[PDB]
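Below, each chain spelled out in residue letters.
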There are 2 protein chains.
Amino acid sequence: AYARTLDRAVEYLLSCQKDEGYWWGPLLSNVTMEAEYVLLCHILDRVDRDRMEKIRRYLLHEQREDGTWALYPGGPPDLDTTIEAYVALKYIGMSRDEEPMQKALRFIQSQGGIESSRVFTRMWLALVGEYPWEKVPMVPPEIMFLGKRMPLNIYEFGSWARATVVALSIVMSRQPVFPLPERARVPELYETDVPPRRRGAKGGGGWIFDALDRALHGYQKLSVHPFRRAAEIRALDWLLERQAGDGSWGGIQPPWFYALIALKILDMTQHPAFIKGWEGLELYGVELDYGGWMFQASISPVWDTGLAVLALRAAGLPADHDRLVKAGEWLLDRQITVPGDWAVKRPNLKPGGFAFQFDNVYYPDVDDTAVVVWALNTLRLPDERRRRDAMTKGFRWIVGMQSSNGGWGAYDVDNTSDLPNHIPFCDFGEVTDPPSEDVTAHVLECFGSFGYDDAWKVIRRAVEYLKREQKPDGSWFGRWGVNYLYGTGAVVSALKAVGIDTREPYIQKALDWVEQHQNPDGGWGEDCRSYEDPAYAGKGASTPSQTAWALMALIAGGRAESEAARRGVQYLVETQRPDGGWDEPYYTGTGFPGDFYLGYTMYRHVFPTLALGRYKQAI
Amino acid sequence: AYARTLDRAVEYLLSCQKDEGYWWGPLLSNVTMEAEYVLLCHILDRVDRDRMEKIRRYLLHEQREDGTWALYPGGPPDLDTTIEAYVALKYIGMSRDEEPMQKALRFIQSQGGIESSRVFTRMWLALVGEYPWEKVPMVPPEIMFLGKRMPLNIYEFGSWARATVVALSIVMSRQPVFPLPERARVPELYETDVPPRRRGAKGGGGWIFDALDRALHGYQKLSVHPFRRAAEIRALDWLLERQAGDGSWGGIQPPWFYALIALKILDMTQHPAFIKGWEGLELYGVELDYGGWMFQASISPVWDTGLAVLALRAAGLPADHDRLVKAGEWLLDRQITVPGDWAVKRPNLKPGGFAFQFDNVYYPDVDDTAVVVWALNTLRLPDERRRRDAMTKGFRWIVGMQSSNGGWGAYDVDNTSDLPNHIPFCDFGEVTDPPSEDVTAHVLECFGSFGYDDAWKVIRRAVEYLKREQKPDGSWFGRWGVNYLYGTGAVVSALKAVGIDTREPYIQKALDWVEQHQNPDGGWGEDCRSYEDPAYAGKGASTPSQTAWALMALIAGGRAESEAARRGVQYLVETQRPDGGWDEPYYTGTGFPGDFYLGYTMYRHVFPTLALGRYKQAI
Ligand SMILES: CN(C/C=C/COc1ccc(C(=O)c2ccc(Br)cc2)cc1)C1CC1
Ligand SMILES: CN(C/C=C/COc1ccc(C(=O)c2ccc(Br)cc2)cc1)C1CC1
Ligand SMILES: CCCCCCCCOCCOCCOCCOCCO
Ligand SMILES: CCCCCCCCOCCOCCOCCOCCO
């Protein structure tokens, strides 16, 4: 029955693999990427008429009937995302008269206009001269003077936010303005009677910071800022030292873009760092068959490759399958061997982790590391030497990354400060990188493959962490994946691996929860709204990935030979395409709960296969 | 008579010009470049068998019958140069038995062996483990803490020495060792009964520095060096901020090589800076028709282009000659507009100078700037706007670069410290960049083209400087050119331009000096030995360039219609080749008096033309 499904799913994944021997599916987000890119080109004075076209088709194509744009497909209209898309289009050529512009402008005004947008949005508009810098949260270069152990030092923020802060400190230090031609001016973003509904700091704002900010803007108007020069250089150098091999900065859109602007401000357009940083952008771009063009918020070659292997293995292919070997080999040349920012908290820890993208040595993450090591432990490479050695290095690194609460973070250790969550500037997405259930789970299952059970203290500490985090309904939150089905599926699958007794109460209470949300069509689904409204927790249209996750939870809990079990398997078998793939018009990935969502292209093919592979194991 | 000579010389230069519209002749030096490059590859673990071959052919080809190598063609054997060539060859494959190696080893031992070599030589050998670091002058990273106005701060050294010191401070901080395979070990460099004849600091050594050094080596053995870490980073950042656009550092061989090694020591082989720096090397390499390969100590595209223009103009071609326009345009896109290290002494000076090579924004020099501006002032470009503006910027910059003594340096202002000349480390070539007669002269002649005469104070201050520097025999020293004929030719030509009366006494005393050295064959020549022995002052085999220089001095002094005058002109006319070019088996360029000599490929074609052009003007 499901056999043909697997066989078809397998040959498909094998056809997606590149020559080098890795997998790499595009990462979807929202139009703010492309929109901001347009503004960036304007800033760097490097506009390409041809590209603009492709970007225009894209923007319109992603606009809904109401004339707005959302964070995820089928999601509510987003003000910020729309405002930025509006500005972008108008710059390219669109006239405020054309319908697309009209319906968009409407929604924008019905929300209070630009005064209701996030910080970044107002900041970008400030860079082009459509908004006063004075009304933008200030972030001084002096922040570079804070010591390793001081309130608000760059190392208390998340790896992703850190670089951004450093880059912007230079930008906000000079508060440059790159005027837009008259035809592009967007004053209409102000014309609104609706009261401005501003968004506050993530964890709430304190009058202290509020005052401090007001002070900073004041100190900004003075005629002399002692030691500011040094502060700027401190930031410039910080950036120059961590620039990624591909020319990026962290492998993410934000810091990369701001770093370039910063360099432009310091008249360093003819400096290697800049040149490389600029031309490196193309690698993240993507040509769309309908004439459009998009910019990936980030790339997941390693991540995809890793899962893809574990999927094909659990499917059936030999541990020494010549094709899977290519992957193994490839994955070995990716391992990092130099210290990263994580070393600031673990100076005596030996490098050995892996990154999300191709070349990003200074920012390896636990999640990727775990999956890559785990994936290798299931293969038979020609040179058992480096394979054995590699796993060892990565293994140890992961262990040394374990936080205090026994849980694991993504990039840093005990990065659980709370101060940054109250700063005026931080009002969008996460700002810190605390331990998460999903990451932890992946780690445990990684060790499990080796054998390390509940006996080992490290494992126990983690298990306890998970137990204390479990939700009342017996489910587990999903940090980097949408959502409770993602997390619960991870935990259970992990706990099962570490030797824990699947018969346990809290465990069962979880499995039951899964079955209770199985949609009528036999599959599982969870809309991204589950991050805003708890009512959607476990609710949503059925998707190949989410269905596979909830499926793994059951197969792991022994309920593989159950009704809901076989039921879900039926879904995957039917919904499968003639080529052996799967479709998924919805996002199942998460960047920042309630603020940024991702669309993992490979998920729809990988997980479904991994699930069917594990189901064929229970029988 | 000389007409045909000119017409042939012109069409030749025009055939050398590249498509872009510039000239670029290879720069010759000595085998230490290629030799050290081989060691560098060994260090960076990037040896290319094929390249090694080409490098071997070169080395042997440059070896004389006695089995040695010299700084300049026809010069005495050099210990350092030979030792490095010896080591290089042995690493490539040569056995110490083969004749070439034998005769070389001889000369080396007859000089006291490795103990008699310069600092760098012993240092390189120390990097490969053939010499103890303990016996190598120490240079601490802490040197980075010295303030702008303190004894021995990095800004008291010459631009060329500065970067080198910064890079090496990191290297000597870790004192790394990259062992050579047994077959390459060169212990024979010690086997010698001859007493070691060590070379001391350039300006003599003081027991202070001697003691200070002994102290530094002691502090180097301690278990804890407080703040050294910061010191290292201070250097790393300094380097990362000034890396040239082509990936080099200053556009010269030394710092470029050491910067790479330094980055290798800090495990930054996967950092953009390194990558760019490594692949950038190829641009300086050169394929030799006989199968050899050499590495240029530096490149002179701008310099060649500049002179080439002034030459063709003085020759006859129209100020708007479509071909010369290409040059003009090209030269305009080269002008620098950002601050360089020179700004540390002139913070309120507006950028506008030019560099020696293609892309080297942080290190423009007065000599190039002057010549480039002067060259432009003789052309009629389509966009008179940028031409007028460019000249203005460059003009002003030059003026703001004038030193105290009324003279002009090369890269910095009043870079006349004396402390660095006594440090143990500095025992090869110049270490500071004080004002020179030749540079100054070029500057004066640059202003002259505009009209500014002796009336202007700036001009007077310079003229006085020249008068006070003139040698007893009425000649002028040649800093960046070999030598007295080069300098005297420059000064006189300049003074004539600034309106000074050519009939003056000191002037005449100079012209006479010129005529007095005219070789029998009618031409002029000055061997590089003139820097060691004053007896060779003005003596040496006749060369196209030197003959042209002494010729300009006469033509400028009004003695154009003289015997010696017409005599020299005859030489150039006869010695000219069928293609219209000229040969010159000798070096006429100077890097460091008595230590480093250069071979400017274009000189033999440019100056001879410029001379004939100015002779055709006097008639
Ligand atoms: C390492 N893990 C989890 C992390 C995945 C990466 O996810 C992203 C990717 C990009 C962004 C932004 O572009 C962004 C946009 C706006 C701002 Br403000 C900042 C960053 C954000 C998050 C791998 C195994 C799955
Ligand atoms: C700007 N002017 C004058 C300067 C010319 C440049 O000349 C050089 C070039 C290279 C070197 C070294 O490689 C060197 C080798 C060994 C050490 Br130790 C340091 C540097 C040295 C000098 C132009 C108009 C003519
Ligand atoms: C990073 C702060 C930018 C403000 C300083 C730039 C002004 C240049 O100062 C001149 C000092 O001499 C150093 C020059 O080399 C410049 C490269 O450093 C990069 C740009 O700051
Ligand atoms: C330049 C001093 C050499 C010390 C480097 C050891 C690295 C210590 O890790 C610190 C953590 O910060 C991350 C740095 O890696 C970025 C590049 O900085 C250059 C050399 O590491």
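Residues numbered from 1 in each chain as written, not as in the entry; some residues may be left out. Chains lettered and ligands numbered in written order. Heavy atoms only, no water.

- Structure determination for this PDB entry is given in the record as X-ray crystallography, at a resolution of 2.8 Å.

## Describing the overall build of chain A
Piece 1. Each helix and strand in chain A was counted, giving 22 helices and five strands.
Piece 2. Taken along the three principal axes of its C-alpha coordinates, chain A extends 75 × 55 × 45 Å.
Piece 3. A total accessible area of about 23,400 Å² is found for chain A, and carbon and sulfur atoms account for 51% of it.
Piece 4. One way to put it: in chain A the 68 positive side-chain charges average out to a point 3 Å from where the 82 negative ones average out. (Helix = DSSP H or I, 4+ residues; strand = E, 2+ residues; numbered from the N terminus. Areas by Shrake-Rupley, 256 points an atom, 1.4 Å probe, with all protein chains shown as cover. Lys, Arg positive; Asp, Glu negative; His and termini not counted. Charge placed at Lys NZ, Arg CZ, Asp CG, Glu CD.)

## A look at helix α9 (residues 228–242) of chain A
Piece 1. Counted at 1.5 Å a residue, the expected span for α9 of chain A with its 15 residues is 21 Å, and the 22 Å between its end C-alpha atoms agrees.
Piece 2. Here α9 of chain A lies mainly inside the structure; 11 of its 15 residues are buried.
Piece 3. Of the positions making up α9 of chain A, those classed as buried are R228, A231, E232, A235, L236, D237, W238, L239, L240, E241 and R242 of chain A.
Piece 4. Tucked inside the fold, the buried residues of α9 of chain A contact α7 (159–174), α8 (207–221), α10 (253–265) and α11 (272–279) of chain A together with α9 (228–242) of chain B. (Expected span 1.5 Å × (residues − 1). Buried < 20%, exposed > 50% of the residue type's maximum accessible area, 1.4 Å probe, protein only. Contact = heavy atoms within 4.5 Å.)

## Looking at the UniProt feature "active site" in chain A
Residues and elements named next belong to chain A.
Piece 1. Listed under "active site" in the UniProt record, and renumbered for this structure, are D367.
Piece 2. As for its position among the elements, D367 is in helix α14 (residues 366–376).
Piece 3. The class for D367 is buried, based on a relative accessible area of 9%.
Piece 4. Beyond its immediate sequence surroundings of up to four residues, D367 is in contact with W303, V439 and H442. (UniProt positions renumbered as here; feature names shortened; annotations may be inferred.)

## Looking at the UniProt feature "repeat: PFTB" in chain A
Piece 1. The positions UniProt marks with the feature "repeat: PFTB" are residues 6–47, 52–93, 232–273, 391–432, 459–499, 507–548 and 565–613 of chain A.
Piece 2. Across residues 459–499 of chain A one finds 61% helix and 0% strand; the C-alpha atoms that close the span lie 10 Å apart.

## Brief notes about the domain arrangement of chain A
All names here are of chain A.
Piece 1. Along its sequence, chain A is organised into domain 1 (1–26 + 299–619) and domain 2 (27–298).
Piece 2. Computed over C-alpha atoms only, the centres of domain 1 and domain 2 are separated by 31 Å.
Piece 3. Listed per partner, the contact involves 49 residues of domain 1 and 51 residues of domain 2.
Piece 4. Carbon and sulfur atoms make up 63% of the area that domain 1 and domain 2 hide from each other, which totals about 4,500 Å².
Piece 5. Considering only the surface of domain 1 that becomes buried against domain 2, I299, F425 and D427 emerge as the three largest contributors, covering 17% of it.
Piece 6. Where domain 1 meets domain 2, there are five salt bridges.
Piece 7. Connecting domain 1 to domain 2 are 18 residue pairs in polar contact.
Piece 8. The leading source of residues in the side of domain 1 that touches domain 2 is strand β5 (residues 596–600), at five residues.
Piece 9. Partitioning the side of domain 1 that touches domain 2 into residue classes produces 26 nonpolar, 13 polar and 10 charged. (Domains from an automatic or database assignment. Buried area = accessible area lost by both parts, 1.4 Å probe. Salt bridge = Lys/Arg side-chain N within 4 Å of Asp/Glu carboxyl O. Polar contact = N/O pair within 3.5 Å; in protein donor to acceptor, adjacent residues only side chain to side chain. Nonpolar A, V, L, I, M, F, W, Y, C, P; charged D, E, K, R; others polar.)

## Considering the side chain of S436 of chain A
Residue and element names in this part refer to chain A.
Piece 1. With respect to the helices and strands, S436 occurs in the loop between α15 (384–401) and α16 (437–450).
Piece 2. Judged by its relative accessible area of 4%, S436 is buried.
Piece 3. In this structure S436 touches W408, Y465, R479 and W480, once residues within four positions along its chain are discounted.

## Some remarks on the pairing of strand β4 (residues 589–592) of chain A
All names here are of chain A.
Piece 1. As judged from the three bridges shared by β4 and β5, these two strands associate in the antiparallel manner. Looking at the pairing, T590 lines up with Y597 of β5.
Piece 2. The turn joining β4 and β5, which pair antiparallel and follow one another in sequence, is formed by three residues; a positive phi near 75° is taken by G594. (Pairing = 2+ DSSP bridges.)

## Overview of the interface of chain B and chain A
Piece 1. Tallying the contact residues gives 18 residues for chain B and 17 residues for chain A.
Piece 2. When the two sides are added together, the surface that chain B and chain A hide from each other amounts to roughly 1,300 Å², 52% of it contributed by carbon and sulfur.
Piece 3. The three residues of chain B that bury the most area against chain A are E241, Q270 and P272 of chain B, which together make up 35% of that side's buried surface.
Piece 4. Counting across the chain B and chain A interface gives zero salt bridges.
Piece 5. For the pair chain B and chain A, the interface holds two residue pairs in polar contact.
Piece 6. The element best represented in the side of chain B that touches chain A is α9 of chain B, accounting for five residues.
Piece 7. Classifying every residue of the side of chain B that touches chain A by side-chain character gives nine nonpolar, four polar and five charged.

## Regarding the site of ligand 2
All names here are of chain B.
Piece 1. Taken together, the neighbourhood of ligand 2 is formed by 16 residues, with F120, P254, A297, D365 and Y411 sitting nearest.
Piece 2. In the complex, 93% of the free accessible area of ligand 2, which totals 630 Å², lies under the protein chains.
Piece 3. Mapped onto the shell around ligand 2, the elements with two or more residues apiece are α14 (366–376) and β5 (596–600).
Piece 4. When residues in the shell around ligand 2 are grouped by element, the largest group, three residues, is from β5.
Piece 5. Among the residues making up the shell around ligand 2, the classes are represented as 12 nonpolar, one polar and three charged.
Piece 6. Counting only domains with at least three residues in the shell around ligand 2, you end up with domain 1 (1–26 + 299–619) and domain 2 (27–298). (Near = heavy atom within 4 Å.)

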